[PDB]
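Shown here is one chain on its own, the form deposited in one PDB entry, set out as structure tokens.
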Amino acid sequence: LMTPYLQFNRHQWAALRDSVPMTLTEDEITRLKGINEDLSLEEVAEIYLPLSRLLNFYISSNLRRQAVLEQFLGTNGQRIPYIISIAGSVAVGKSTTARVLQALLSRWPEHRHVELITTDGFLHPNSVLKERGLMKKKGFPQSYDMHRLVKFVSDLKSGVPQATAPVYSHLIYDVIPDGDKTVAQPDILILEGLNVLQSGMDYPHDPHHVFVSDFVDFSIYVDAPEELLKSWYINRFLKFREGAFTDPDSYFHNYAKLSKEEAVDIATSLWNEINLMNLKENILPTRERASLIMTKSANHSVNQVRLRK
């Protein structure tokens, strides 16, 4: 019967966009199309604009509270960013969702400065994964420097003036040597990664006792059926392959050299043997820890939103 979530179907969620009227400007439409050419502006208006408005109500409540607490705390303390996390399967659309929300949240005067950090950067470099026999376990708990990731969000929630994150490139399939990103007290930080709702129980080989989620204000799990995820993963793989036709520095150039059919077979096996296993064992069991679960159907169309009561 009753669950910890308010549940919206698409009709009810899209109905929210008039409760408070919002409309994209030309400049914004151009950013959004630059984030993802396949992303529907209709989908932005019906789904992501209401979601950005929902989040502004949460962020605004936090800022009002902070202003009250400053009455006795005093206004000398550090600026602490509001942290939104985005979890879900490999290839469900976390990066797209994060980039879209970054663009939309940047509107509001209360919170113009929005940073985006992906947990990919906190993977151990390939040389270390190789040393440990983990090269086909990339994305599994053992492949992350999870202590460093927890320290990064901890430091942000400690009010450090700057914190630095390592960065990964899907193009070179590795952590970028000397490519670290520095953030400086943003209003919002969006942390995107499959493992953002994981905890010490997922890392029994090297446990931690305070979790990423203990430093996150609001978490979104993007959900979809396995059959869709596989299709989206394979399609994305083929787009990276296309990108590599003329980029011999892409790791995907190895696959550009193969027939499309054989590339598809490789991508299918990577999905089945690595990412699907990761989803079932490590990602999906964390879904019910999210503040909000956003479910997708064919063509990336959101068909359900569930929000913690």
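A residue's number is simply how far along the shown sequence it sits, counting from 1. Rigid core (definition): largest C-alpha set, two forms, superposition within 1.5 Å.
Averaged over Cα atoms, the B-factor as recorded in the entry is higher for 24-32 than for the other of 267-275 and 24-32. Set 33-41 against 255-263 and average the Cα temperature factors; 33-41 ends up higher. Looking at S154, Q162, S95, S213, the one whose CA carries the top B-factor in the deposited record is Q162. The residue among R236, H209, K130, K230 whose C-alpha carries the highest B-factor in the deposited model is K130. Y58 sits in the lowest third of its chain by CA B factor, as recorded in the PDB entry. In the deposited entry, the Cα temperature factor of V305 sits in the bottom third of values across the chain's modelled residues. Per the PDB record, residue ranking by Cα B-factor puts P225 in the lowest third of the chain. Split the chain's modelled residues into thirds by C-alpha temperature factor. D145 is in the middle one. Among all modelled residues in its chain, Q12 ranks in the middle third by Cα B-factor.
Below, we refer to the form deposited in another entry, which is not included among the displayed structures.
Residue showing a CA shift of 2 Å or more between the shown form and the other one (rigid core superposed; candidates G74, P109, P161, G133): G74. Core-superposed comparison between the shown form and the other one: CA of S19 displaced by 2 Å or more. Core-superposed comparison between the shown form and the other one: CA of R289 displaced by less than 2 Å.
If you fit the rigid core between the shown form and the other one, you'll see the Cα of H300 move by less than 2 angstroms.
By 3 Å or more, the C-alpha separation between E37 and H11 grows in the other entry relative to the form shown here.
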